[PDB]
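Asker: Below is one structure. I have some questions about it.
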Amino acid sequence: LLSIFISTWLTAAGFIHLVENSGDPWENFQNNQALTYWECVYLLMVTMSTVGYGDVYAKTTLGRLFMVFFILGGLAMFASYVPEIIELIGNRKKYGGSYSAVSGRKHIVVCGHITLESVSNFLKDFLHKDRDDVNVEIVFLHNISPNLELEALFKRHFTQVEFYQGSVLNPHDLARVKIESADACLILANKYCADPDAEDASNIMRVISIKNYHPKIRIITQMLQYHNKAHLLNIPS
Amino acid sequence: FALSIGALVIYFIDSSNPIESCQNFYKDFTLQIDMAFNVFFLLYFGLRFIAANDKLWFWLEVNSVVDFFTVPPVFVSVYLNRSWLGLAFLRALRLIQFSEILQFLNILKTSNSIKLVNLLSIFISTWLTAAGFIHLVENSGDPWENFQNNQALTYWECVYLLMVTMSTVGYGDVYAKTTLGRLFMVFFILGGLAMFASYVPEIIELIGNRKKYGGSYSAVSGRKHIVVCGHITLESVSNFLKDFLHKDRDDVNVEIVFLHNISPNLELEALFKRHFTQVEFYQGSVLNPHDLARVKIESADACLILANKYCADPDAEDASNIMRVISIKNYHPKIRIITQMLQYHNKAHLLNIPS
Amino acid sequence: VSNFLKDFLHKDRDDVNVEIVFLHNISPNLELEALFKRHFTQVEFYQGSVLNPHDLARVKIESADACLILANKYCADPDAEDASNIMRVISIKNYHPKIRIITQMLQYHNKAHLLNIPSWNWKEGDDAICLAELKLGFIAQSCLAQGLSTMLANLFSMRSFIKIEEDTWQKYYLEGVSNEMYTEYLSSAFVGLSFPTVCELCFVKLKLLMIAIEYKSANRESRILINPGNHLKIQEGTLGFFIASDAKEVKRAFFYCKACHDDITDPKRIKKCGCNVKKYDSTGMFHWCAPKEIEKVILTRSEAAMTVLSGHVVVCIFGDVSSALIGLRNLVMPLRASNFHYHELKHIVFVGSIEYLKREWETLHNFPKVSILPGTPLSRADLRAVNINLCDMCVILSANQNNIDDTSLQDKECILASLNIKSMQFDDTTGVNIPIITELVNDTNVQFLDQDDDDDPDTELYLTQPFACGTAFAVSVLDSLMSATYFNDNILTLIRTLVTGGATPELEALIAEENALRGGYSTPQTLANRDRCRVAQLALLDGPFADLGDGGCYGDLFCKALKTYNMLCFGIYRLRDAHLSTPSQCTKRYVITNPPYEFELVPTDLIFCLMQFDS
Ligand SMILES: CC(C)CCC[C@@H](C)[C@H]1CC[C@H]2[C@@H]3CC=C4C[C@@H](O)CC[C@]4(C)[C@H]3CC[C@]12C
Ligand SMILES: CC(C)CCC[C@@H](C)[C@H]1CC[C@H]2[C@@H]3CC=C4C[C@@H](O)CC[C@]4(C)[C@H]3CC[C@]12C
Ligand SMILES: [K+]
Ligand SMILES: [K+]
Ligand SMILES: [K+]
Ligand SMILES: [K+]
Ligand SMILES: [K+]
């Protein structure tokens, strides 16, 4: 794209330079304008950005005709190439990247069923005004992008709460949120599910993944059914 | 329409003359030709008028009003033996019907091309008539100042001025100096911006939605290709490409062409872009022989059919894969096929195909 | 829409100045938009509902020539779709009672509701095309004589003629596809003459094949008579149905006069210058038996193996306990017509899920010889237990008319079933010679049923070997019938009276009243009503026409059959590899509709004919 833009710019400038310096053929070449090539490059750039200073312009009839056609063609080509410009701009990631480990600042990784109500209750109790000053940050990890209410809640606590899109079962995402240096991992559960046993198995598998990545981390999990917690004794870590 | 074009050319020639001058009708035959054109237009107007269901709505038709401002000036000119430039540029509006003429001549058939020709014709006609208005006003001068504000602008310089203005460039080398000229330029800027804003949706529609995975595979000489179809998702394609395109694998000049009627998502698009030098994708169905011809299945080395391992009914998936095999062998019976089968009892159906 | 526009806006169709306006409250997708843009000079679309009178006023329904209502063939509940279409008919007739309406009906029992609308005038052109009834009647008549469905479909569909110079079968076949069906008023010179005499005169002199007439009486309404015997005489102003290549030549039947046209033999020179036990049902037109429970017809595999079935019909069904009903009665009613003797009736064996068949047995338990083999059509054991190698016809039907992610995949079952039967081996030798009819949702799949073919993939439906041989039935041809119904309303009536087996409106009313077939004691009136004509095929190997079939002309056979046995021959079912000098083992045959007088015969030919009933 850059090469085609530069090439058409340079060739249009050269053509305008030739036409302007040559003069009108039917008037015995008495309409010549002493324009250098680079002044014509400057003229083309000023025209195609729709600025139009008017300090330099084409005076010959052929020069003006070709400037009109160049304006038409340039607008048409830009309109045609807009979709490629949008594609190259693309869709910027919003919740990518990795957590930055601030020295002297512990962080807690929160995962599981992350929605408005559970996060709101946990943040309401955790970040209390009467709570003693604790230098602990909270990092949420979840592979469903937050909605408007969750985004507003995160923006309200933007100085202490970060969010990232990823899966706990993926070790790359675990490395992204610096789980190897987290003080603790807190796993929330979906209290409103068709099958509590499936949710319990999913949470136990998340515990297995986290303890596989780093066996020394502290984990606090939510369990729905009582008989499912015995599975946690089957994990050696 | 041809006579309208001729009258427009007559106006173009006449614009290079003083805007009001005495002349003899019998001395120059160009004025006679214009008179014949105008009386033909009057006859056509009368023919339309005598066969009009509604008088008022026909009276407000753009053809009627453009004929109203053309032939009475030429009548007064031939009666007074003196010609004034007038509003002849309005004849350019007769170019709007140009697309319809082409249709009668059966030159245009598709609807999109007809709409494009209509849009180009309306743009050109309004450009030319606005330039004509500006030229007339600028050369005439202000009426209340005894026409002492005349600016010697040719018609084509006014066309250039309109083009430079409407692209929002504005060199300032040529501009309107009279009061009426500046007023008309302000109104023209307002109207042009409004019309462009109104016509943006049609511009987007004519640009349309460009196909992303259409077209046909190009057969590179000396380069075999393998056609892969079936259940194409991230995991199956990732595993197959991981084993097939191994770094330690011996150098093989084989390309891979995927054919699938569901467009890929972001992960598949990224995976295809990573292997863009050896992997191509196309949108289509194996059961459609046109899509089979698109991917050049008649010259493929082999066809590989992947199965959806994760389905409610394995027998339905097996039947679908067997039917895909039937379609491929119907198109080209000599191609080699490697398929994935879910259930063991379903593969006996493959013995029912003689190919 | 694609099928309807393909048949309606045919290039070979005569110039008609008719525009088409679609009204639908779902916006079209990209493919429909492209199709509309392709026909933008003749097709318009509007968003609205038929049930809204404002939308009806928008499309100028008060000045429309006709309203055509298409049905969703692929729905969970056919009865809901039928009720919706009937309500649309009610709305349209409420807005304008004088408009002509042609509607599509899914189930047969739902069309009686159309008689409850006072504005519904059947005599003025209002018609309902029942998809299930017509399709299963076509299949049943093809069971009686294979290839009849192809002949009928080519007889009312516009087909472009292609000239073939090489000696192939497509040449002989493409000759007949040109034929069409017309209706004309017989000339006053034909009054007082028997039907065979007029038919022979039309065939020899005017080169027209007259199939049926419309007989009027004071006691009853007008009734279509298919090839009546010599006892009947032509009355005044009787409509006749002709099969002809050109529409202009049909007028010769109306302008014929013996004074100045009998001397001339050339049809081109003809001008307009005149000069104790219940065995049948209440109406006596169908075989009837006392109702029996489903337990008395279910056969186990061993029990079906013990009995020997030969010359029977095997209906393989891909049913389900939740799938939509297909109305199997419309398949069994034509096969149980009263014009067949009891010993000529073909045993019917249904192979499929018993859960589906229990829902259909309520309308099938009054017919004499019907058996059930619970199982699946895809098992070779069940097909061997039912003697599939000795059946007269195998009919593969798919009840699972539910929508699938891919439209073509809807035919995944039946095709495999066909490919199973063609691959079986038998010993006293292969399944390729077993006659099979398969319904097909997609036309593009028709070439999947045959492998011994050289058809290129862009071959049209009517030129493929499975279609030309009658071994495949495509439902899309019914979508053409509606268009053929618009230009002529008698075509549908003739097709119904030729295909369904003779369902009189009195029987329609009785079935509407009771939703069942009622038996009745035999009376001379019913026994007289029994005498009709039936579709049959004849071989020239050892019949009375054996000598004439060895190189003779078709016209001599036609004249001799019509003069002697009152038999109406209207087509040749000809072995595909008959024009080749080298011998072949292929038993496939194709359809030649209405061959000319000078057409040559070969001993390996079958003749379509209309048999009279005799006792
Ligand atoms: C695709 C491209 C290359 C084709 C376009 C033709 C171009 C290159 C031609 C056509 C007419 C030509 C002009 C005609 C007359 C003259 C006068 C003389 O002093 C030479 C240069 C000049 C000013 C020419 C420059 C080049 C030119 C504009
Ligand atoms: C729909 C359109 C046609 C109607 C608009 C009216 C236009 C055509 C009228 C209204 C005012 C008029 C102007 C009024 C005064 C003069 C001064 C004199 O030298 C004649 C031309 C000129 C400059 C006129 C040109 C035509 C004009 C602009
Ligand atoms: K600008
Ligand atoms: K400017
Ligand atoms: K500017
Ligand atoms: K400026
Ligand atoms: K036909």
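Quick note on naming: the chains in the structure tokens go A, B, ... in the order shown, residues restart at 1 in each chain, and ligands are numbered from 1 in order of appearance.
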Just list the residues in region 387-436 of chain C DSSP gives helix (DSSP H, G or I) on the backbone, as a ChimeraX atom specification.

Answerer: /C:388-390,408-421,431-433

Asker: Excluding region 25-34 of chain A and its own-chain neighbours fewer than 3 positions away, which residues fall within 9 Å of it when counting only C-alpha atoms? Please give them as a VMD selection string.

Answerer: chain A and resid 19 to 22 58 to 60

Asker: Save out the residues we just selected, N, CA and C atoms, as a PDB file, in the first residue's frame.

Answerer:
```
ATOM      1  N   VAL A  19       3.835  18.846 -17.930  1.00  0.00           N
ATOM      2  CA  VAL A  19       2.798  19.648 -18.576  1.00  0.00           C
ATOM      3  C   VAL A  19       2.997  21.131 -18.284  1.00  0.00           C
ATOM      4  N   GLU A  20       3.311  21.472 -17.033  1.00  0.00           N
ATOM      5  CA  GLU A  20       3.446  22.876 -16.659  1.00  0.00           C
ATOM      6  C   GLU A  20       4.667  23.513 -17.304  1.00  0.00           C
ATOM      7  N   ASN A  21       5.816  22.835 -17.261  1.00  0.00           N
ATOM      8  CA  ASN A  21       7.018  23.426 -17.836  1.00  0.00           C
ATOM      9  C   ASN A  21       6.957  23.465 -19.355  1.00  0.00           C
ATOM     10  N   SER A  22       6.243  22.523 -19.974  1.00  0.00           N
ATOM     11  CA  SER A  22       6.170  22.500 -21.431  1.00  0.00           C
ATOM     12  C   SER A  22       5.344  23.662 -21.967  1.00  0.00           C
ATOM     13  N   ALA A  58      -1.410  25.034 -10.966  1.00  0.00           N
ATOM     14  CA  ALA A  58      -1.241  24.871 -12.403  1.00  0.00           C
ATOM     15  C   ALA A  58      -1.956  25.989 -13.149  1.00  0.00           C
ATOM     16  N   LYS A  59      -1.237  26.650 -14.054  1.00  0.00           N
ATOM     17  CA  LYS A  59      -1.790  27.761 -14.817  1.00  0.00           C
ATOM     18  C   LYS A  59      -2.196  27.384 -16.233  1.00  0.00           C
ATOM     19  N   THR A  60      -1.566  26.372 -16.821  1.00  0.00           N
ATOM     20  CA  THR A  60      -1.893  25.976 -18.181  1.00  0.00           C
ATOM     21  C   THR A  60      -3.222  25.229 -18.224  1.00  0.00           C
TER      22      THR A  60
END
```

Asker: Select, as a short mmCIF file (atom, residue, chain, number, x, y, z; two decimals) with N, CA, C and O atoms, in the first residue's frame, those residues of chain B with any atom no more than 8 Å from chain A (distances computed using only C-alpha atoms).

Answerer:
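Final output, part-v5.cif:
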```cif
data_model
loop_
_atom_site.label_atom_id
_atom_site.label_comp_id
_atom_site.auth_asym_id
_atom_site.auth_seq_id
_atom_site.Cartn_x
_atom_site.Cartn_y
_atom_site.Cartn_z
N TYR B 160 -13.77 24.44 -13.68
CA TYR B 160 -12.62 24.18 -12.81
C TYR B 160 -12.85 24.74 -11.41
O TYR B 160 -12.52 24.09 -10.42
N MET B 163 -15.27 22.46 -9.57
CA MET B 163 -14.63 21.22 -9.15
C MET B 163 -13.70 21.44 -7.96
O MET B 163 -13.67 20.63 -7.03
N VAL B 164 -12.94 22.54 -7.98
CA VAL B 164 -12.02 22.82 -6.88
C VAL B 164 -12.80 23.13 -5.60
O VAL B 164 -12.40 22.73 -4.50
N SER B 167 -14.57 19.81 -4.01
CA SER B 167 -13.63 18.89 -3.37
C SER B 167 -13.03 19.48 -2.10
O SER B 167 -12.16 18.85 -1.49
N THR B 168 -13.48 20.67 -1.70
CA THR B 168 -13.00 21.38 -0.52
C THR B 168 -11.49 21.59 -0.56
O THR B 168 -10.80 21.46 0.45
N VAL B 169 -10.97 21.93 -1.73
CA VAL B 169 -9.56 22.29 -1.86
C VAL B 169 -9.44 23.80 -1.75
O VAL B 169 -8.83 24.32 -0.81
N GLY B 170 -10.04 24.52 -2.70
CA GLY B 170 -10.07 25.97 -2.64
C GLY B 170 -8.72 26.62 -2.82
O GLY B 170 -8.16 27.17 -1.86
N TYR B 171 -8.17 26.56 -4.03
CA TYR B 171 -6.90 27.22 -4.30
C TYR B 171 -6.99 28.72 -4.10
O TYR B 171 -6.10 29.33 -3.51
N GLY B 172 -8.06 29.33 -4.59
CA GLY B 172 -8.18 30.77 -4.56
C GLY B 172 -7.60 31.48 -5.76
O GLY B 172 -7.63 32.72 -5.80
N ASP B 173 -7.06 30.75 -6.74
CA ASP B 173 -6.59 31.37 -7.97
C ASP B 173 -7.74 31.97 -8.76
O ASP B 173 -7.60 33.05 -9.35
N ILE B 207 -20.34 0.42 -3.47
CA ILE B 207 -19.12 -0.23 -3.00
C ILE B 207 -19.43 -1.64 -2.54
O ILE B 207 -18.73 -2.60 -2.88
#
```

Asker: Set out as CSV a contact list for chain B and chain C with a cut-off of 8 Å, giving each residue of chain B that qualifies its closest atom pair and distance in Å to one decimal, counting only C-alpha atoms, ordered by chain and rising residue number.

Answerer:
```
residue,atom,partner,partner_atom,distance
B:110,CA,C:38,CA,7.3
B:111,CA,C:37,CA,6.5
B:287,CA,C:408,CA,7.3
B:289,CA,C:457,CA,6.4
B:319,CA,C:412,CA,6.1
B:320,CA,C:412,CA,6.3
B:323,CA,C:412,CA,6.3
B:326,CA,C:448,CA,6.9
B:327,CA,C:448,CA,7.0
B:330,CA,C:448,CA,7.0
B:331,CA,C:457,CA,6.8
B:349,CA,C:416,CA,7.3
B:352,CA,C:419,CA,5.8
B:353,CA,C:419,CA,7.2
B:354,CA,C:451,CA,7.7
```

Asker: Please produce a file of the residues just selected, as a PDB file, in the first residue's frame, where the atoms kept are N, CA and C atoms.

Answerer:
```
ATOM      1  N   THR B 110     -27.759  -4.906 -16.437  1.00  0.00           N
ATOM      2  CA  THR B 110     -27.809  -5.111 -14.997  1.00  0.00           C
ATOM      3  C   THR B 110     -28.312  -3.860 -14.288  1.00  0.00           C
ATOM      4  N   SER B 111     -28.905  -4.065 -13.110  1.00  0.00           N
ATOM      5  CA  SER B 111     -29.481  -2.949 -12.367  1.00  0.00           C
ATOM      6  C   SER B 111     -28.402  -2.077 -11.737  1.00  0.00           C
ATOM      7  N   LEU B 287     -20.715 -30.534  -2.140  1.00  0.00           N
ATOM      8  CA  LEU B 287     -21.849 -31.062  -2.886  1.00  0.00           C
ATOM      9  C   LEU B 287     -22.204 -30.223  -4.107  1.00  0.00           C
ATOM     10  N   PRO B 289     -21.074 -28.900  -7.622  1.00  0.00           N
ATOM     11  CA  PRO B 289     -20.004 -29.139  -8.606  1.00  0.00           C
ATOM     12  C   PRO B 289     -19.276 -27.881  -9.044  1.00  0.00           C
ATOM     13  N   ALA B 319     -23.152 -40.311   7.480  1.00  0.00           N
ATOM     14  CA  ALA B 319     -23.910 -40.252   6.235  1.00  0.00           C
ATOM     15  C   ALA B 319     -23.541 -39.018   5.423  1.00  0.00           C
ATOM     16  N   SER B 320     -23.344 -37.882   6.096  1.00  0.00           N
ATOM     17  CA  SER B 320     -22.929 -36.669   5.396  1.00  0.00           C
ATOM     18  C   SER B 320     -21.566 -36.847   4.740  1.00  0.00           C
ATOM     19  N   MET B 323     -21.885 -39.067   1.729  1.00  0.00           N
ATOM     20  CA  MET B 323     -22.478 -38.335   0.616  1.00  0.00           C
ATOM     21  C   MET B 323     -21.468 -37.385  -0.021  1.00  0.00           C
ATOM     22  N   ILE B 326     -19.460 -39.520  -2.234  1.00  0.00           N
ATOM     23  CA  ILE B 326     -20.232 -39.809  -3.440  1.00  0.00           C
ATOM     24  C   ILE B 326     -20.158 -38.643  -4.415  1.00  0.00           C
ATOM     25  N   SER B 327     -20.302 -37.418  -3.909  1.00  0.00           N
ATOM     26  CA  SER B 327     -20.236 -36.242  -4.773  1.00  0.00           C
ATOM     27  C   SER B 327     -18.866 -36.104  -5.429  1.00  0.00           C
ATOM     28  N   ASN B 330     -18.349 -38.708  -7.985  1.00  0.00           N
ATOM     29  CA  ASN B 330     -19.188 -38.436  -9.143  1.00  0.00           C
ATOM     30  C   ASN B 330     -18.549 -37.395 -10.047  1.00  0.00           C
ATOM     31  N   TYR B 331     -17.946 -36.359  -9.461  1.00  0.00           N
ATOM     32  CA  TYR B 331     -17.271 -35.354 -10.276  1.00  0.00           C
ATOM     33  C   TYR B 331     -16.052 -35.941 -10.978  1.00  0.00           C
ATOM     34  N   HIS B 349     -20.860 -48.781   3.861  1.00  0.00           N
ATOM     35  CA  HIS B 349     -21.491 -47.990   2.812  1.00  0.00           C
ATOM     36  C   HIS B 349     -20.487 -47.561   1.756  1.00  0.00           C
ATOM     37  N   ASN B 352     -20.399 -49.595  -1.291  1.00  0.00           N
ATOM     38  CA  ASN B 352     -21.514 -49.484  -2.221  1.00  0.00           C
ATOM     39  C   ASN B 352     -21.237 -48.511  -3.356  1.00  0.00           C
ATOM     40  N   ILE B 353     -20.148 -47.755  -3.284  1.00  0.00           N
ATOM     41  CA  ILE B 353     -19.758 -46.835  -4.346  1.00  0.00           C
ATOM     42  C   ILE B 353     -18.830 -47.588  -5.295  1.00  0.00           C
ATOM     43  N   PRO B 354     -19.206 -47.776  -6.562  1.00  0.00           N
ATOM     44  CA  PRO B 354     -18.316 -48.502  -7.480  1.00  0.00           C
ATOM     45  C   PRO B 354     -17.016 -47.773  -7.761  1.00  0.00           C
TER      46      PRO B 354
END
```

Asker: List as a PyMOL selection string the protein and nucleic acid residues near residue 199 (chain A), meaning an atom at most 10 Å away when only C-alpha atoms are counted, but skip any in the same chain fewer than 2 places from it.

Answerer: chain A and resi 112-113+189-197+201-205+223-225

Asker: Using N, CA, C and O atoms, can you export the residues from the last selection as a compact mmCIF listing (two decimals), in the first residue's frame?

Answerer:
```txt
# COMPACT_ATOMS: atom_id res chain seq x y z
N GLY A 112 -13.08 -17.75 37.97
CA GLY A 112 -14.29 -18.52 38.14
C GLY A 112 -15.47 -17.90 37.43
O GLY A 112 -15.38 -17.52 36.26
N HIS A 113 -16.60 -17.79 38.13
CA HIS A 113 -17.81 -17.18 37.58
C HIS A 113 -17.77 -15.70 37.92
O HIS A 113 -18.12 -15.29 39.03
N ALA A 189 -17.94 -19.26 42.26
CA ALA A 189 -18.77 -20.29 41.66
C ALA A 189 -20.07 -19.69 41.15
O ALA A 189 -20.55 -18.67 41.66
N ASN A 190 -20.64 -20.34 40.15
CA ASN A 190 -21.93 -19.94 39.58
C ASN A 190 -23.03 -20.57 40.42
O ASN A 190 -23.33 -21.76 40.29
N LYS A 191 -23.65 -19.77 41.29
CA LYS A 191 -24.67 -20.29 42.19
C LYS A 191 -25.97 -20.62 41.48
O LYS A 191 -26.81 -21.33 42.05
N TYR A 192 -26.16 -20.14 40.26
CA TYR A 192 -27.39 -20.35 39.50
C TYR A 192 -27.02 -21.11 38.23
O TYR A 192 -26.78 -20.52 37.18
N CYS A 193 -26.98 -22.44 38.33
CA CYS A 193 -26.62 -23.29 37.21
C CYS A 193 -27.56 -24.48 37.16
O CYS A 193 -28.15 -24.87 38.17
N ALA A 194 -27.72 -25.04 35.96
CA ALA A 194 -28.58 -26.20 35.79
C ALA A 194 -28.04 -27.41 36.53
O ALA A 194 -28.79 -28.14 37.19
N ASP A 195 -26.73 -27.64 36.45
CA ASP A 195 -26.08 -28.79 37.08
C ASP A 195 -25.01 -28.31 38.05
O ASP A 195 -23.94 -27.86 37.61
N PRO A 196 -25.25 -28.37 39.36
CA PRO A 196 -24.20 -27.99 40.32
C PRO A 196 -22.96 -28.86 40.24
O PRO A 196 -21.85 -28.37 40.49
N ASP A 197 -23.12 -30.15 39.91
CA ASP A 197 -21.97 -31.05 39.87
C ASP A 197 -21.01 -30.69 38.75
O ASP A 197 -19.79 -30.80 38.90
N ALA A 201 -17.15 -29.70 39.29
CA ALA A 201 -16.07 -30.35 38.57
C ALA A 201 -15.20 -29.34 37.83
O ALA A 201 -13.97 -29.46 37.80
N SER A 202 -15.83 -28.33 37.23
CA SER A 202 -15.07 -27.29 36.54
C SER A 202 -14.18 -26.53 37.51
O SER A 202 -13.01 -26.25 37.21
N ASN A 203 -14.70 -26.19 38.69
CA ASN A 203 -13.90 -25.47 39.68
C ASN A 203 -12.76 -26.34 40.20
O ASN A 203 -11.64 -25.84 40.42
N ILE A 204 -13.01 -27.63 40.41
CA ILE A 204 -11.96 -28.53 40.86
C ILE A 204 -10.87 -28.65 39.79
O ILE A 204 -9.68 -28.69 40.11
N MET A 205 -11.27 -28.68 38.52
CA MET A 205 -10.28 -28.74 37.45
C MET A 205 -9.48 -27.45 37.36
O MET A 205 -8.28 -27.48 37.06
N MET A 223 -17.50 -23.91 46.65
CA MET A 223 -18.05 -25.20 46.28
C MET A 223 -19.56 -25.19 46.47
O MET A 223 -20.05 -24.69 47.49
N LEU A 224 -20.29 -25.73 45.50
CA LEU A 224 -21.75 -25.71 45.58
C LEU A 224 -22.27 -26.87 46.43
O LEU A 224 -22.99 -26.65 47.41
N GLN A 225 -21.92 -28.09 46.07
CA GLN A 225 -22.39 -29.28 46.77
C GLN A 225 -21.34 -29.78 47.75
O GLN A 225 -20.14 -29.63 47.53
```

Asker: So which residues touch residue 354 (chain C) within 9 Å, counting only C-alpha atoms, skipping near sequence neighbours fewer than 5 positions away, as a PyMOL selection string?

Answerer: chain C and resi 298+319-321+359+372-375

Asker: Can you spit out the residues from that selection as a PDB file, in the first residue's frame, using C-alpha atoms?

Answerer:
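Once everything was written out, this is result07.pdb:
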```
ATOM      1  CA  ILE C 298     -47.007 -56.960  11.700  1.00  0.00           C
ATOM      2  CA  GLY C 319     -39.935 -42.545   9.645  1.00  0.00           C
ATOM      3  CA  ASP C 320     -39.713 -41.431  13.250  1.00  0.00           C
ATOM      4  CA  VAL C 321     -42.013 -41.161  16.252  1.00  0.00           C
ATOM      5  CA  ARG C 359     -49.591 -42.986  13.641  1.00  0.00           C
ATOM      6  CA  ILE C 372     -45.676 -54.205   8.072  1.00  0.00           C
ATOM      7  CA  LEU C 373     -42.082 -55.315   8.667  1.00  0.00           C
ATOM      8  CA  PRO C 374     -40.764 -53.299  11.639  1.00  0.00           C
ATOM      9  CA  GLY C 375     -37.130 -52.419  11.068  1.00  0.00           C
TER      10      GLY C 375
END
```

Asker: Give the strand (DSSP E) residues of region 15-223 of chain A, as assigned by DSSP on the backbone, as a ChimeraX atom specification.

Answerer: /A:106-112,136-141,161-164,184-188,218-221

Asker: Selected residues, N, CA and C atoms, written as a compact mmCIF listing (two decimals), in the first residue's frame, please.

Answerer:
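Once everything was written out, this is again_7.txt:
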```
# COMPACT_ATOMS: atom_id res chain seq x y z
N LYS A 106 1.37 -6.55 46.79
CA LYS A 106 0.81 -7.88 46.58
C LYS A 106 -0.43 -7.79 45.69
N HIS A 107 -0.73 -8.90 45.02
CA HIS A 107 -1.92 -8.97 44.20
C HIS A 107 -2.62 -10.31 44.40
N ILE A 108 -3.93 -10.29 44.21
CA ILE A 108 -4.80 -11.45 44.37
C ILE A 108 -5.45 -11.73 43.03
N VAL A 109 -5.36 -12.97 42.57
CA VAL A 109 -5.94 -13.36 41.29
C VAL A 109 -7.31 -13.96 41.54
N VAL A 110 -8.33 -13.41 40.90
CA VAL A 110 -9.71 -13.84 41.08
C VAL A 110 -10.23 -14.39 39.76
N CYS A 111 -10.80 -15.60 39.82
CA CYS A 111 -11.28 -16.27 38.63
C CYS A 111 -12.56 -17.04 38.96
N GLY A 112 -13.08 -17.75 37.97
CA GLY A 112 -14.29 -18.52 38.14
C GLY A 112 -15.47 -17.90 37.43
N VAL A 136 -2.93 -4.16 48.52
CA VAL A 136 -3.25 -5.35 47.75
C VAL A 136 -4.07 -4.95 46.54
N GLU A 137 -3.62 -5.37 45.36
CA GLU A 137 -4.34 -5.17 44.12
C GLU A 137 -5.11 -6.44 43.76
N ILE A 138 -6.17 -6.28 42.98
CA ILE A 138 -7.03 -7.38 42.58
C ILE A 138 -7.01 -7.49 41.06
N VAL A 139 -6.72 -8.69 40.56
CA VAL A 139 -6.62 -8.96 39.13
C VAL A 139 -7.63 -10.05 38.79
N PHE A 140 -8.61 -9.72 37.97
CA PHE A 140 -9.61 -10.68 37.53
C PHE A 140 -9.18 -11.30 36.21
N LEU A 141 -9.39 -12.60 36.08
CA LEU A 141 -9.08 -13.32 34.85
C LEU A 141 -10.33 -14.05 34.38
N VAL A 161 -8.29 -2.33 40.73
CA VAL A 161 -8.86 -3.52 40.10
C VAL A 161 -8.45 -3.53 38.63
N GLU A 162 -7.88 -4.65 38.19
CA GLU A 162 -7.56 -4.86 36.79
C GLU A 162 -8.30 -6.09 36.28
N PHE A 163 -8.59 -6.10 34.98
CA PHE A 163 -9.28 -7.22 34.35
C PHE A 163 -8.47 -7.69 33.15
N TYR A 164 -8.47 -9.00 32.93
CA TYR A 164 -7.81 -9.58 31.77
C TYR A 164 -8.66 -10.70 31.20
N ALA A 184 -2.64 -14.97 46.55
CA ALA A 184 -3.68 -15.98 46.63
C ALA A 184 -4.51 -15.97 45.35
N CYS A 185 -5.20 -17.09 45.13
CA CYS A 185 -6.15 -17.25 44.04
C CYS A 185 -7.52 -17.56 44.63
N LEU A 186 -8.52 -16.78 44.23
CA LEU A 186 -9.88 -16.90 44.73
C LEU A 186 -10.78 -17.31 43.57
N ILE A 187 -11.48 -18.43 43.74
CA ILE A 187 -12.32 -19.00 42.70
C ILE A 187 -13.78 -18.87 43.12
N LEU A 188 -14.54 -18.08 42.36
CA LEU A 188 -15.96 -17.91 42.59
C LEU A 188 -16.75 -18.92 41.77
N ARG A 218 -1.69 -20.26 47.48
CA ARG A 218 -2.85 -20.44 48.34
C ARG A 218 -4.11 -20.25 47.52
N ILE A 219 -5.07 -21.16 47.69
CA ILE A 219 -6.30 -21.16 46.91
C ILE A 219 -7.49 -21.17 47.86
N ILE A 220 -8.44 -20.27 47.62
CA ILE A 220 -9.73 -20.26 48.30
C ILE A 220 -10.81 -20.39 47.24
N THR A 221 -11.56 -21.48 47.29
CA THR A 221 -12.54 -21.78 46.26
C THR A 221 -13.94 -21.85 46.85
```

Asker: Could you make a table, as a Markdown table, of the residues of chain C that have an atom within 8 Å of an atom of ligand 7, each with its nearest atom pair and distance in Å to one decimal, counting only C-alpha atoms and all ligand atoms, in chain and number order?

Answerer:
```
| residue | atom | partner | partner_atom_place_in_ligand_line | distance |
| --- | --- | --- | --- | --- |
| C:154 | CA | ligand 7 | 1 (K) | 4.9 |
| C:155 | CA | ligand 7 | 1 (K) | 4.7 |
| C:156 | CA | ligand 7 | 1 (K) | 5.6 |
| C:157 | CA | ligand 7 | 1 (K) | 4.9 |
| C:158 | CA | ligand 7 | 1 (K) | 4.8 |
| C:159 | CA | ligand 7 | 1 (K) | 5.2 |
| C:176 | CA | ligand 7 | 1 (K) | 7.9 |
| C:177 | CA | ligand 7 | 1 (K) | 5.0 |
| C:178 | CA | ligand 7 | 1 (K) | 4.7 |
| C:179 | CA | ligand 7 | 1 (K) | 4.8 |
| C:180 | CA | ligand 7 | 1 (K) | 4.7 |
| C:181 | CA | ligand 7 | 1 (K) | 8.0 |
```
